[PDB]
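What follows is the content of protein_20.cif (mmCIF, N, CA and C atoms and all ligand atoms).
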data_upload
loop_
_atom_site.group_PDB
_atom_site.id
_atom_site.type_symbol
_atom_site.label_atom_id
_atom_site.label_comp_id
_atom_site.auth_asym_id
_atom_site.auth_seq_id
_atom_site.Cartn_x
_atom_site.Cartn_y
_atom_site.Cartn_z
ATOM 1 N N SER A 2 83.264 36.590 116.432
ATOM 2 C CA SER A 2 83.969 37.771 115.826
ATOM 3 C C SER A 2 82.937 38.760 115.351
ATOM 4 N N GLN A 3 83.416 39.963 115.023
ATOM 5 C CA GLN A 3 82.530 41.027 114.484
ATOM 6 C C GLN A 3 81.897 40.620 113.154
ATOM 7 N N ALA A 4 82.668 39.997 112.255
ATOM 8 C CA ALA A 4 82.106 39.561 110.986
ATOM 9 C C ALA A 4 81.054 38.491 111.241
ATOM 10 N N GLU A 5 81.279 37.593 112.186
ATOM 11 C CA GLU A 5 80.236 36.630 112.477
ATOM 12 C C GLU A 5 78.970 37.289 113.050
ATOM 13 N N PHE A 6 79.139 38.327 113.855
ATOM 14 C CA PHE A 6 77.996 39.016 114.437
ATOM 15 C C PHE A 6 77.179 39.656 113.319
ATOM 16 N N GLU A 7 77.852 40.305 112.382
ATOM 17 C CA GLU A 7 77.180 40.942 111.246
ATOM 18 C C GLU A 7 76.433 39.894 110.409
ATOM 19 N N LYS A 8 77.058 38.741 110.166
ATOM 20 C CA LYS A 8 76.412 37.688 109.388
ATOM 21 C C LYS A 8 75.172 37.175 110.111
ATOM 22 N N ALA A 9 75.274 37.000 111.422
ATOM 23 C CA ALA A 9 74.148 36.491 112.158
ATOM 24 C C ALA A 9 72.995 37.498 112.175
ATOM 25 N N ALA A 10 73.312 38.780 112.290
ATOM 26 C CA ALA A 10 72.260 39.798 112.323
ATOM 27 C C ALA A 10 71.552 39.857 110.999
ATOM 28 N N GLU A 11 72.230 39.461 109.924
ATOM 29 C CA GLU A 11 71.560 39.418 108.637
ATOM 30 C C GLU A 11 70.764 38.142 108.505
ATOM 31 N N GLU A 12 71.398 37.015 108.801
ATOM 32 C CA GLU A 12 70.708 35.770 108.616
ATOM 33 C C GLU A 12 69.455 35.585 109.480
ATOM 34 N N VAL A 13 69.430 36.155 110.683
ATOM 35 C CA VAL A 13 68.258 35.968 111.530
ATOM 36 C C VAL A 13 67.002 36.587 110.895
ATOM 37 N N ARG A 14 67.199 37.559 109.994
ATOM 38 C CA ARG A 14 66.066 38.191 109.318
ATOM 39 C C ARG A 14 65.443 37.303 108.256
ATOM 40 N N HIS A 15 66.162 36.252 107.888
ATOM 41 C CA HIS A 15 65.727 35.374 106.808
ATOM 42 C C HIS A 15 65.214 34.009 107.208
ATOM 43 N N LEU A 16 64.926 33.839 108.491
ATOM 44 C CA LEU A 16 64.395 32.560 108.966
ATOM 45 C C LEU A 16 63.079 32.313 108.273
ATOM 46 N N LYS A 17 62.863 31.062 107.886
ATOM 47 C CA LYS A 17 61.668 30.747 107.133
ATOM 48 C C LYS A 17 60.390 30.727 107.931
ATOM 49 N N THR A 18 60.525 30.599 109.234
ATOM 50 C CA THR A 18 59.387 30.576 110.135
ATOM 51 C C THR A 18 59.736 31.568 111.215
ATOM 52 N N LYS A 19 58.723 32.265 111.714
ATOM 53 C CA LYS A 19 58.941 33.243 112.751
ATOM 54 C C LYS A 19 59.258 32.532 114.082
ATOM 55 N N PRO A 20 60.365 32.907 114.737
ATOM 56 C CA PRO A 20 60.675 32.249 116.012
ATOM 57 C C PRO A 20 59.665 32.644 117.081
ATOM 58 N N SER A 21 59.715 31.939 118.202
ATOM 59 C CA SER A 21 58.815 32.268 119.309
ATOM 60 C C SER A 21 59.149 33.659 119.852
ATOM 61 N N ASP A 22 58.246 34.232 120.642
ATOM 62 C CA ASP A 22 58.520 35.544 121.228
ATOM 63 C C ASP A 22 59.730 35.444 122.149
ATOM 64 N N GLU A 23 59.860 34.342 122.877
ATOM 65 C CA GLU A 23 61.012 34.150 123.743
ATOM 66 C C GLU A 23 62.340 34.142 122.933
ATOM 67 N N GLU A 24 62.323 33.486 121.774
ATOM 68 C CA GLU A 24 63.530 33.421 120.951
ATOM 69 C C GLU A 24 63.828 34.791 120.408
ATOM 70 N N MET A 25 62.786 35.503 120.014
ATOM 71 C CA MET A 25 63.023 36.830 119.493
ATOM 72 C C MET A 25 63.575 37.770 120.546
ATOM 73 N N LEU A 26 63.154 37.575 121.799
ATOM 74 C CA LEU A 26 63.668 38.419 122.866
ATOM 75 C C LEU A 26 65.077 38.031 123.283
ATOM 76 N N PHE A 27 65.455 36.768 123.099
ATOM 77 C CA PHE A 27 66.841 36.356 123.381
ATOM 78 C C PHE A 27 67.698 37.112 122.357
ATOM 79 N N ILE A 28 67.278 37.079 121.094
ATOM 80 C CA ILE A 28 68.012 37.785 120.044
ATOM 81 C C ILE A 28 68.086 39.279 120.305
ATOM 82 N N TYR A 29 66.956 39.898 120.641
ATOM 83 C CA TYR A 29 66.977 41.346 120.910
ATOM 84 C C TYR A 29 67.888 41.703 122.080
ATOM 85 N N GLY A 30 67.707 41.008 123.214
ATOM 86 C CA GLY A 30 68.493 41.308 124.394
ATOM 87 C C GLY A 30 69.986 41.154 124.186
ATOM 88 N N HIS A 31 70.347 40.086 123.493
ATOM 89 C CA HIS A 31 71.767 39.885 123.317
ATOM 90 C C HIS A 31 72.352 40.828 122.295
ATOM 91 N N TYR A 32 71.555 41.237 121.310
ATOM 92 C CA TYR A 32 72.045 42.195 120.339
ATOM 93 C C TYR A 32 72.396 43.473 121.077
ATOM 94 N N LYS A 33 71.484 43.959 121.924
ATOM 95 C CA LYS A 33 71.777 45.172 122.682
ATOM 96 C C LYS A 33 72.957 44.990 123.617
ATOM 97 N N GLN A 34 73.014 43.865 124.304
ATOM 98 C CA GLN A 34 74.112 43.671 125.235
ATOM 99 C C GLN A 34 75.470 43.574 124.554
ATOM 100 N N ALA A 35 75.504 43.055 123.328
ATOM 101 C CA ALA A 35 76.739 42.920 122.560
ATOM 102 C C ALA A 35 77.202 44.270 121.956
ATOM 103 N N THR A 36 76.297 45.242 121.861
ATOM 104 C CA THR A 36 76.637 46.529 121.253
ATOM 105 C C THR A 36 76.703 47.691 122.252
ATOM 106 N N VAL A 37 75.585 48.003 122.897
ATOM 107 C CA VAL A 37 75.558 49.074 123.862
ATOM 108 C C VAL A 37 76.174 48.590 125.164
ATOM 109 N N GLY A 38 75.923 47.335 125.494
ATOM 110 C CA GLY A 38 76.403 46.793 126.745
ATOM 111 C C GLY A 38 75.284 46.841 127.773
ATOM 112 N N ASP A 39 75.603 47.140 129.035
ATOM 113 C CA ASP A 39 74.577 47.168 130.068
ATOM 114 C C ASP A 39 73.488 48.188 129.768
ATOM 115 N N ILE A 40 72.273 47.780 130.091
ATOM 116 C CA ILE A 40 71.110 48.606 129.831
ATOM 117 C C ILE A 40 71.317 49.989 130.437
ATOM 118 N N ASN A 41 70.906 50.992 129.687
ATOM 119 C CA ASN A 41 71.110 52.351 130.128
ATOM 120 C C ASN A 41 69.870 53.195 130.009
ATOM 121 N N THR A 42 68.707 52.549 130.052
ATOM 122 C CA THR A 42 67.443 53.257 129.929
ATOM 123 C C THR A 42 66.478 52.820 131.010
ATOM 124 N N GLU A 43 65.376 53.561 131.135
ATOM 125 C CA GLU A 43 64.357 53.230 132.110
ATOM 126 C C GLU A 43 63.296 52.359 131.423
ATOM 127 N N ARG A 44 62.683 51.465 132.176
ATOM 128 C CA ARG A 44 61.665 50.591 131.568
ATOM 129 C C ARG A 44 60.517 51.423 131.049
ATOM 130 N N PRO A 45 60.035 51.140 129.827
ATOM 131 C CA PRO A 45 58.910 51.886 129.248
ATOM 132 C C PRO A 45 57.736 51.781 130.194
ATOM 133 N N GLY A 46 56.934 52.830 130.244
ATOM 134 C CA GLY A 46 55.815 52.765 131.148
ATOM 135 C C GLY A 46 54.516 52.664 130.381
ATOM 136 N N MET A 47 53.446 53.027 131.080
ATOM 137 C CA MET A 47 52.121 53.005 130.483
ATOM 138 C C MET A 47 51.783 51.670 129.813
ATOM 139 N N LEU A 48 51.243 51.721 128.597
ATOM 140 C CA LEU A 48 50.809 50.505 127.930
ATOM 141 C C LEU A 48 51.741 50.012 126.840
ATOM 142 N N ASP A 49 53.028 50.368 126.935
ATOM 143 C CA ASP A 49 53.968 49.929 125.902
ATOM 144 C C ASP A 49 54.478 48.533 126.269
ATOM 145 N N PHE A 50 53.638 47.528 126.043
ATOM 146 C CA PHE A 50 54.019 46.167 126.411
ATOM 147 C C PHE A 50 55.141 45.571 125.553
ATOM 148 N N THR A 51 55.197 45.924 124.269
ATOM 149 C CA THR A 51 56.287 45.446 123.421
ATOM 150 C C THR A 51 57.602 46.016 123.952
ATOM 151 N N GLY A 52 57.571 47.296 124.339
ATOM 152 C CA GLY A 52 58.759 47.955 124.901
ATOM 153 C C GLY A 52 59.196 47.386 126.243
ATOM 154 N N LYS A 53 58.221 47.086 127.095
ATOM 155 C CA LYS A 53 58.516 46.483 128.387
ATOM 156 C C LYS A 53 59.137 45.093 128.193
ATOM 157 N N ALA A 54 58.605 44.304 127.260
ATOM 158 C CA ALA A 54 59.159 42.956 127.046
ATOM 159 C C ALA A 54 60.609 43.033 126.546
ATOM 160 N N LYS A 55 60.879 43.935 125.608
ATOM 161 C CA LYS A 55 62.252 44.097 125.112
ATOM 162 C C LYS A 55 63.169 44.574 126.225
ATOM 163 N N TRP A 56 62.723 45.587 126.972
ATOM 164 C CA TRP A 56 63.527 46.129 128.071
ATOM 165 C C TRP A 56 63.835 45.059 129.095
ATOM 166 N N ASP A 57 62.837 44.255 129.464
ATOM 167 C CA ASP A 57 63.063 43.213 130.468
ATOM 168 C C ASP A 57 64.085 42.204 129.989
ATOM 169 N N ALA A 58 64.033 41.836 128.695
ATOM 170 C CA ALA A 58 64.994 40.865 128.174
ATOM 171 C C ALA A 58 66.420 41.415 128.232
ATOM 172 N N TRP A 59 66.583 42.700 127.890
ATOM 173 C CA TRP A 59 67.919 43.298 127.902
ATOM 174 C C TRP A 59 68.366 43.511 129.345
ATOM 175 N N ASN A 60 67.460 43.923 130.225
ATOM 176 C CA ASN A 60 67.850 44.156 131.611
ATOM 177 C C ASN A 60 68.388 42.897 132.299
ATOM 178 N N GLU A 61 67.837 41.734 131.962
ATOM 179 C CA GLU A 61 68.264 40.487 132.606
ATOM 180 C C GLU A 61 69.696 40.127 132.304
ATOM 181 N N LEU A 62 70.268 40.744 131.273
ATOM 182 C CA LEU A 62 71.646 40.434 130.890
ATOM 183 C C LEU A 62 72.664 41.375 131.488
ATOM 184 N N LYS A 63 72.217 42.281 132.367
ATOM 185 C CA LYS A 63 73.159 43.242 132.942
ATOM 186 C C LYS A 63 74.332 42.515 133.596
ATOM 187 N N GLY A 64 75.539 42.967 133.290
ATOM 188 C CA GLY A 64 76.727 42.341 133.846
ATOM 189 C C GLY A 64 77.440 41.483 132.819
ATOM 190 N N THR A 65 76.730 41.073 131.766
ATOM 191 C CA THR A 65 77.312 40.228 130.736
ATOM 192 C C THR A 65 78.254 41.033 129.885
ATOM 193 N N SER A 66 79.428 40.486 129.543
ATOM 194 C CA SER A 66 80.336 41.256 128.705
ATOM 195 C C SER A 66 79.852 41.314 127.264
ATOM 196 N N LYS A 67 80.291 42.332 126.537
ATOM 197 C CA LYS A 67 79.906 42.451 125.123
ATOM 198 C C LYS A 67 80.349 41.209 124.352
ATOM 199 N N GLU A 68 81.573 40.765 124.593
ATOM 200 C CA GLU A 68 82.075 39.622 123.862
ATOM 201 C C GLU A 68 81.282 38.358 124.145
ATOM 202 N N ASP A 69 80.858 38.166 125.394
ATOM 203 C CA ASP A 69 80.070 36.991 125.706
ATOM 204 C C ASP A 69 78.633 37.112 125.142
ATOM 205 N N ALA A 70 78.038 38.303 125.177
ATOM 206 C CA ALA A 70 76.693 38.459 124.580
ATOM 207 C C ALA A 70 76.743 38.221 123.051
ATOM 208 N N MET A 71 77.830 38.657 122.412
ATOM 209 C CA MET A 71 77.997 38.505 120.959
ATOM 210 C C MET A 71 78.099 37.043 120.611
ATOM 211 N N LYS A 72 78.943 36.324 121.344
ATOM 212 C CA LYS A 72 79.062 34.896 121.087
ATOM 213 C C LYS A 72 77.729 34.172 121.280
ATOM 214 N N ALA A 73 76.973 34.507 122.326
ATOM 215 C CA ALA A 73 75.688 33.857 122.553
ATOM 216 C C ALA A 73 74.639 34.193 121.489
ATOM 217 N N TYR A 74 74.693 35.433 120.995
ATOM 218 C CA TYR A 74 73.812 35.880 119.943
ATOM 219 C C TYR A 74 74.094 35.055 118.677
ATOM 220 N N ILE A 75 75.363 34.958 118.277
ATOM 221 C CA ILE A 75 75.714 34.211 117.071
ATOM 222 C C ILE A 75 75.302 32.759 117.239
ATOM 223 N N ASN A 76 75.604 32.173 118.393
ATOM 224 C CA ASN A 76 75.213 30.787 118.573
ATOM 225 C C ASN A 76 73.711 30.578 118.470
ATOM 226 N N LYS A 77 72.921 31.491 119.042
ATOM 227 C CA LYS A 77 71.475 31.366 118.957
ATOM 228 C C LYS A 77 71.007 31.510 117.530
ATOM 229 N N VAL A 78 71.581 32.422 116.770
ATOM 230 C CA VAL A 78 71.112 32.501 115.378
ATOM 231 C C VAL A 78 71.404 31.181 114.633
ATOM 232 N N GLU A 79 72.572 30.593 114.876
ATOM 233 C CA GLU A 79 72.877 29.327 114.223
ATOM 234 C C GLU A 79 71.892 28.276 114.669
ATOM 235 N N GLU A 80 71.485 28.311 115.933
ATOM 236 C CA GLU A 80 70.487 27.345 116.425
ATOM 237 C C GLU A 80 69.165 27.590 115.690
ATOM 238 N N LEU A 81 68.762 28.852 115.566
ATOM 239 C CA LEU A 81 67.512 29.145 114.893
ATOM 240 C C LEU A 81 67.508 28.775 113.408
ATOM 241 N N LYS A 82 68.643 28.937 112.738
ATOM 242 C CA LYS A 82 68.752 28.574 111.319
ATOM 243 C C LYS A 82 68.478 27.067 111.177
ATOM 244 N N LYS A 83 69.047 26.255 112.071
ATOM 245 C CA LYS A 83 68.845 24.786 112.005
ATOM 246 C C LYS A 83 67.413 24.424 112.350
ATOM 247 N N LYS A 84 66.837 25.174 113.269
ATOM 248 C CA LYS A 84 65.479 24.899 113.676
ATOM 249 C C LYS A 84 64.435 25.303 112.624
ATOM 250 N N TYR A 85 64.584 26.501 112.049
ATOM 251 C CA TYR A 85 63.592 27.024 111.103
ATOM 252 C C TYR A 85 63.939 27.078 109.628
ATOM 253 N N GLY A 86 65.213 26.977 109.335
ATOM 254 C CA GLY A 86 65.608 27.043 107.964
ATOM 255 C C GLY A 86 65.792 28.483 107.529
ATOM 256 N N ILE A 87 66.629 28.595 106.512
ATOM 257 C CA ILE A 87 66.990 29.854 105.926
ATOM 258 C C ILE A 87 67.081 29.654 104.411
HETATM 259 CL CL CL B 101 53.597 37.062 119.496
HETATM 260 CL CL CL B 102 82.764 34.033 129.354
HETATM 261 PB PB PB B 103 83.754 35.570 129.366
HETATM 262 ZN ZN ZN B 104 68.284 40.401 104.009
#
Produce structure tokens that represent the structure in this file.
Ligand SMILES: [Cl-]
Ligand SMILES: [Cl-]
Ligand SMILES: [Pb+2]
Ligand SMILES: [Zn+2]
Amino acid sequence: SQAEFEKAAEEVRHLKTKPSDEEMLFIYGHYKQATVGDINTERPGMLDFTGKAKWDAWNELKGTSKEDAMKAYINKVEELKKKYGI
């Protein structure tokens, strides 16, 4: 639900240990897919590697519905809370 999505977006900021870059990109990609939906931008160029990594994570989810990305985002945050603590 929307209230669960809001709770998860808050709780993920409070993990006691920083998740891996892969976990952080799962969170970023699904957050975008659950809100904007399919990627609507061009991949960052030049030396913006942080931007390219985020873009690639969101691009891989093209086709996923907002509702399914939201559910996966919430589930991942709950997984991260159990893994790292809050
Ligand atoms: Cl890193
Ligand atoms: Cl589904
Ligand atoms: Pb579905
Ligand atoms: Zn907070």
- Task: Mind giving me the straight-line distance from CA of residue 33 in chain A to atom N of residue 65 in chain A in Å, one decimal?
- Result: 11.1 Å
- Item | Environment of ligand PB 103 (chain B) within 8 Å, counting only C-alpha atoms and all ligand atoms, reported as a ChimeraX atom specification | /A:66,68-69
- Task: Name every residue that the PyMOL selection byres (((chain A and resi 55-62) around 8) and not hetatm) selects in this structure, writing the answer as a list in words with chains first and numbers rising.
- Result: residues 25, 26, 27, 29, 30, 31, 32, 33, 34, 38, 39, 40, 41, 42, 43, 44, 45, 49, 50, 51, 52, 53, 54, 63, 64, 65 and 66 of chain A
Residues just named, written with N, CA and C atoms as a JSON list (two decimals), keeping the file's coordinate frame:
[["chain", "number", "residue", "atom", "x", "y", "z"],
["A", 25, "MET", "N", 62.79, 35.50, 120.01],
["A", 25, "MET", "CA", 63.02, 36.83, 119.49],
["A", 25, "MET", "C", 63.58, 37.77, 120.55],
["A", 26, "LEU", "N", 63.15, 37.58, 121.80],
["A", 26, "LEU", "CA", 63.67, 38.42, 122.87],
["A", 26, "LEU", "C", 65.08, 38.03, 123.28],
["A", 27, "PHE", "N", 65.46, 36.77, 123.10],
["A", 27, "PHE", "CA", 66.84, 36.36, 123.38],
["A", 27, "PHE", "C", 67.70, 37.11, 122.36],
["A", 29, "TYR", "N", 66.96, 39.90, 120.64],
["A", 29, "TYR", "CA", 66.98, 41.35, 120.91],
["A", 29, "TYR", "C", 67.89, 41.70, 122.08],
["A", 30, "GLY", "N", 67.71, 41.01, 123.21],
["A", 30, "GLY", "CA", 68.49, 41.31, 124.39],
["A", 30, "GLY", "C", 69.99, 41.15, 124.19],
["A", 31, "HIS", "N", 70.35, 40.09, 123.49],
["A", 31, "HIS", "CA", 71.77, 39.88, 123.32],
["A", 31, "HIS", "C", 72.35, 40.83, 122.30],
["A", 32, "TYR", "N", 71.56, 41.24, 121.31],
["A", 32, "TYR", "CA", 72.04, 42.20, 120.34],
["A", 32, "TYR", "C", 72.40, 43.47, 121.08],
["A", 33, "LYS", "N", 71.48, 43.96, 121.92],
["A", 33, "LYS", "CA", 71.78, 45.17, 122.68],
["A", 33, "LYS", "C", 72.96, 44.99, 123.62],
["A", 34, "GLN", "N", 73.01, 43.86, 124.30],
["A", 34, "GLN", "CA", 74.11, 43.67, 125.24],
["A", 34, "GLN", "C", 75.47, 43.57, 124.55],
["A", 38, "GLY", "N", 75.92, 47.34, 125.49],
["A", 38, "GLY", "CA", 76.40, 46.79, 126.74],
["A", 38, "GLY", "C", 75.28, 46.84, 127.77],
["A", 39, "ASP", "N", 75.60, 47.14, 129.04],
["A", 39, "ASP", "CA", 74.58, 47.17, 130.07],
["A", 39, "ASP", "C", 73.49, 48.19, 129.77],
["A", 40, "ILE", "N", 72.27, 47.78, 130.09],
["A", 40, "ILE", "CA", 71.11, 48.61, 129.83],
["A", 40, "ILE", "C", 71.32, 49.99, 130.44],
["A", 41, "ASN", "N", 70.91, 50.99, 129.69],
["A", 41, "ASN", "CA", 71.11, 52.35, 130.13],
["A", 41, "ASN", "C", 69.87, 53.20, 130.01],
["A", 42, "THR", "N", 68.71, 52.55, 130.05],
["A", 42, "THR", "CA", 67.44, 53.26, 129.93],
["A", 42, "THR", "C", 66.48, 52.82, 131.01],
["A", 43, "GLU", "N", 65.38, 53.56, 131.14],
["A", 43, "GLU", "CA", 64.36, 53.23, 132.11],
["A", 43, "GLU", "C", 63.30, 52.36, 131.42],
["A", 44, "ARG", "N", 62.68, 51.46, 132.18],
["A", 44, "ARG", "CA", 61.66, 50.59, 131.57],
["A", 44, "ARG", "C", 60.52, 51.42, 131.05],
["A", 45, "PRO", "N", 60.04, 51.14, 129.83],
["A", 45, "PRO", "CA", 58.91, 51.89, 129.25],
["A", 45, "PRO", "C", 57.74, 51.78, 130.19],
["A", 49, "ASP", "N", 53.03, 50.37, 126.94],
["A", 49, "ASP", "CA", 53.97, 49.93, 125.90],
["A", 49, "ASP", "C", 54.48, 48.53, 126.27],
["A", 50, "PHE", "N", 53.64, 47.53, 126.04],
["A", 50, "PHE", "CA", 54.02, 46.17, 126.41],
["A", 50, "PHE", "C", 55.14, 45.57, 125.55],
["A", 51, "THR", "N", 55.20, 45.92, 124.27],
["A", 51, "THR", "CA", 56.29, 45.45, 123.42],
["A", 51, "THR", "C", 57.60, 46.02, 123.95],
["A", 52, "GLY", "N", 57.57, 47.30, 124.34],
["A", 52, "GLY", "CA", 58.76, 47.96, 124.90],
["A", 52, "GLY", "C", 59.20, 47.39, 126.24],
["A", 53, "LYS", "N", 58.22, 47.09, 127.10],
["A", 53, "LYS", "CA", 58.52, 46.48, 128.39],
["A", 53, "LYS", "C", 59.14, 45.09, 128.19],
["A", 54, "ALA", "N", 58.60, 44.30, 127.26],
["A", 54, "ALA", "CA", 59.16, 42.96, 127.05],
["A", 54, "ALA", "C", 60.61, 43.03, 126.55],
["A", 63, "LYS", "N", 72.22, 42.28, 132.37],
["A", 63, "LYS", "CA", 73.16, 43.24, 132.94],
["A", 63, "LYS", "C", 74.33, 42.52, 133.60],
["A", 64, "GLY", "N", 75.54, 42.97, 133.29],
["A", 64, "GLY", "CA", 76.73, 42.34, 133.85],
["A", 64, "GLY", "C", 77.44, 41.48, 132.82],
["A", 65, "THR", "N", 76.73, 41.07, 131.77],
["A", 65, "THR", "CA", 77.31, 40.23, 130.74],
["A", 65, "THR", "C", 78.25, 41.03, 129.88],
["A", 66, "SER", "N", 79.43, 40.49, 129.54],
["A", 66, "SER", "CA", 80.34, 41.26, 128.71],
["A", 66, "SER", "C", 79.85, 41.31, 127.26]]
- Query: Please, which residues have at least one atom within 10 Å of an atom of ligand CL 101 (chain B), using only C-alpha atoms and all ligand atoms, listed as number ranges by chain?
  - Reply: A: 19-23, 25, 51
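Around ligand ZN 104 (chain B), using all atoms listed in the file and a cut-off of 7 Å, the residues in contact are residues 11, 12, 14 and 15 of chain A.
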- Message: Every residue with an atom at most 6 Å from (82.6, 42.7, 120.1) (file coordinates; only N, CA and C atoms) is what I'm after, so could you write them as a PyMOL selection string?
- Response: chain A and resi 3+35+67-68
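Restricting the calculation to only C-alpha atoms, the smallest distance between residue 70 in chain A and any of A:4, A:10, A:16, A:28 is found for A:28.
Here atom C of residue 84 in chain A and CA of residue 36 in chain A stand 26.0 Å from one another.
Rounded to one decimal, CA of residue 18 in chain A and CA of residue 2 in chain A lie 26.2 Å from each other.
Distances to residue 9 in chain A were evaluated for A:86, A:81, A:74, A:24 using only N, CA and C atoms, and the minimum falls at A:74.
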- Nearest candidate to ligand CL 102 (chain B) (options A:17, A:8, A:72, A:77; using only C-alpha atoms and all ligand atoms): A:72
- Item | Those in chain A with helix (DSSP H, G or I) from DSSP, as a ChimeraX atom specification | /A:3-15,22-36,50-60,67-85
As JSON, please: the centre and edge lengths in Å, to one decimal, of an axis-aligned box enclosing every listed atom of range 58-67 of chain A with 3 Å added on each side.
{"center_x": 72.2, "center_y": 42.1, "center_z": 129.1, "size_x": 22.3, "size_y": 10.0, "size_z": 15.5}
Since the input has fewer atoms than a full residue there, write range 72-84 of chain A out with N, CA, C and O atoms, as a PDB file, in the frame of the given file.
ATOM      1  N   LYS A  72      78.943  36.324 121.344  1.00  0.00           N
ATOM      2  CA  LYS A  72      79.062  34.896 121.087  1.00  0.00           C
ATOM      3  C   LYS A  72      77.729  34.172 121.280  1.00  0.00           C
ATOM      4  O   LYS A  72      77.359  33.324 120.476  1.00  0.00           O
ATOM      5  N   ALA A  73      76.973  34.507 122.326  1.00  0.00           N
ATOM      6  CA  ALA A  73      75.688  33.857 122.553  1.00  0.00           C
ATOM      7  C   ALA A  73      74.639  34.193 121.489  1.00  0.00           C
ATOM      8  O   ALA A  73      73.798  33.358 121.133  1.00  0.00           O
ATOM      9  N   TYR A  74      74.693  35.433 120.995  1.00  0.00           N
ATOM     10  CA  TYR A  74      73.812  35.880 119.943  1.00  0.00           C
ATOM     11  C   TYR A  74      74.094  35.055 118.677  1.00  0.00           C
ATOM     12  O   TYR A  74      73.168  34.516 118.080  1.00  0.00           O
ATOM     13  N   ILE A  75      75.363  34.958 118.277  1.00  0.00           N
ATOM     14  CA  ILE A  75      75.714  34.211 117.071  1.00  0.00           C
ATOM     15  C   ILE A  75      75.302  32.759 117.239  1.00  0.00           C
ATOM     16  O   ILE A  75      74.688  32.153 116.359  1.00  0.00           O
ATOM     17  N   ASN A  76      75.604  32.173 118.393  1.00  0.00           N
ATOM     18  CA  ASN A  76      75.213  30.787 118.573  1.00  0.00           C
ATOM     19  C   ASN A  76      73.711  30.578 118.470  1.00  0.00           C
ATOM     20  O   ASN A  76      73.264  29.594 117.900  1.00  0.00           O
ATOM     21  N   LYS A  77      72.921  31.491 119.042  1.00  0.00           N
ATOM     22  CA  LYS A  77      71.475  31.366 118.957  1.00  0.00           C
ATOM     23  C   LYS A  77      71.007  31.510 117.530  1.00  0.00           C
ATOM     24  O   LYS A  77      70.090  30.826 117.117  1.00  0.00           O
ATOM     25  N   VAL A  78      71.581  32.422 116.770  1.00  0.00           N
ATOM     26  CA  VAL A  78      71.112  32.501 115.378  1.00  0.00           C
ATOM     27  C   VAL A  78      71.404  31.181 114.633  1.00  0.00           C
ATOM     28  O   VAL A  78      70.575  30.715 113.849  1.00  0.00           O
ATOM     29  N   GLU A  79      72.572  30.593 114.876  1.00  0.00           N
ATOM     30  CA  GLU A  79      72.877  29.327 114.223  1.00  0.00           C
ATOM     31  C   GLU A  79      71.892  28.276 114.669  1.00  0.00           C
ATOM     32  O   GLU A  79      71.496  27.439 113.875  1.00  0.00           O
ATOM     33  N   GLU A  80      71.485  28.311 115.933  1.00  0.00           N
ATOM     34  CA  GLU A  80      70.487  27.345 116.425  1.00  0.00           C
ATOM     35  C   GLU A  80      69.165  27.590 115.690  1.00  0.00           C
ATOM     36  O   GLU A  80      68.499  26.666 115.235  1.00  0.00           O
ATOM     37  N   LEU A  81      68.762  28.852 115.566  1.00  0.00           N
ATOM     38  CA  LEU A  81      67.512  29.145 114.893  1.00  0.00           C
ATOM     39  C   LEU A  81      67.508  28.775 113.408  1.00  0.00           C
ATOM     40  O   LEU A  81      66.477  28.366 112.885  1.00  0.00           O
ATOM     41  N   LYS A  82      68.643  28.937 112.738  1.00  0.00           N
ATOM     42  CA  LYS A  82      68.752  28.574 111.319  1.00  0.00           C
ATOM     43  C   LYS A  82      68.478  27.067 111.177  1.00  0.00           C
ATOM     44  O   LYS A  82      67.763  26.669 110.268  1.00  0.00           O
ATOM     45  N   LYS A  83      69.047  26.255 112.071  1.00  0.00           N
ATOM     46  CA  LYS A  83      68.845  24.786 112.005  1.00  0.00           C
ATOM     47  C   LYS A  83      67.413  24.424 112.350  1.00  0.00           C
ATOM     48  O   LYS A  83      66.810  23.501 111.784  1.00  0.00           O
ATOM     49  N   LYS A  84      66.837  25.174 113.269  1.00  0.00           N
ATOM     50  CA  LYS A  84      65.479  24.899 113.676  1.00  0.00           C
ATOM     51  C   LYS A  84      64.435  25.303 112.624  1.00  0.00           C
ATOM     52  O   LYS A  84      63.496  24.540 112.320  1.00  0.00           O
TER      53      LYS A  84
END
